[PDB]
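Single chain ahead, written as structure tokens, the form deposited in one PDB entry.
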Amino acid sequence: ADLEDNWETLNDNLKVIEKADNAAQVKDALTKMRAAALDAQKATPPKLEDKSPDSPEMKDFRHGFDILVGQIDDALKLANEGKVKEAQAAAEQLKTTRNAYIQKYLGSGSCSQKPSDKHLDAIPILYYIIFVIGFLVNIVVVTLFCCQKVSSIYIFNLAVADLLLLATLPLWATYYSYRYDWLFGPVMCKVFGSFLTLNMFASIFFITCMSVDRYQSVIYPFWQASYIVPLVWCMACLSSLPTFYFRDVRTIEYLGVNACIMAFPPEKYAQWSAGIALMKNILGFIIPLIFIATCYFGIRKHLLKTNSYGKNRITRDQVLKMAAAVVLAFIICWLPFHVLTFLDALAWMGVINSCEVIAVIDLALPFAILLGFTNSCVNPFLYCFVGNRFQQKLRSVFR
């Protein structure tokens, strides 16, 4: 009798029609669907719950099922006439009506405000400011090898991953400016969508390599790079496959705009939205932060286990300052984004059903995304512009 369970009854029986052999299978499935459609029409969605029945958005909700039951009756007509392929063709029009629901009541469509209502002129400006500043500081990192170590190889790969990540900012600023109207074709929606995720993870995984490398340099003062570097680009490539698979241009009917969305299976759209959001947290923040934090306290342990003289005290704390800066910068730049992503996942799970909260997440998200790119501006100062001085202060305490 629940709305979510009735859509499951509608989508499971819609699959039966596609793989049906005889007209009796189609008729049976459509009879179950007509019952579920009328039962779902009586239900009230979790979003716009405390809403009057005479309201236009509640009258539109029940109207959607009048269209749906009408399409079911046209397919039932054909099934009873013994017209299987005709009924299966008529039943395929139910998907168009089902998609008009998932982009309205299932999501923050008929909940949170439209992009036109939440458009700030500062966002495209801020995105170009971080683009030119971040692009020029990573140009220094790369050209610094020309005018002048296994660790240096990870620096270059980090600078390349950062420099290609920041190179996508002119696209998102343009896409935001045209109120989410993708004017580059659906092919570049998959390609640059994947290219973004590829270099984002390549940045985060090479940050993780640096902490493991600096830790292994502290605990053990004393071919690995020629296999770890291709492997880091391999894992970033595999982590960016769900982006290539689901990113696609789809027309948002109530906005009349072609948006580069995450075109998930409509029959399990909330499940996928919640699932992929958890993948972002675990794979992009939780797991790399476990490594970065463990390597910090791992280094912090060994420096409090060597010597405590006054001359070697200054040298010890400056190594710890460089060590605490790589963990704090990663948290400040990526924690706001993953907090909003975890809250977003709870909204798809049905935990958060407040449009006030969901609206906060929507307007905060373009800013939280910018801090993620801002981490690529910080990396030159954390690793390249310190690596030359971190090495001599680590050899001083070791002697």
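Take the two forms, superpose them, and find the largest set of C-alpha atoms that agree within 1.5 Å; that set is the rigid core. Residues carry their position along the shown sequence, with the first being 1.
Below, we turn to the form deposited in another entry, even though it does not appear here.
- Positional change of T96 between this form and the one not shown reaches 2 Å or more at the C-alpha, relative to the superposed core.
- The Cα shift for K19 between this form and the one not shown, taken after rigid core superposition, is 2 angstroms or larger.
- Between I125 and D117, the C-alpha separation shrinks by 3 Å or more in the other entry, relative to the conformation displayed.
- The Cα-Cα distance between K118 and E356 is lengthened by 3 Å or more in the other entry relative to the form shown here.
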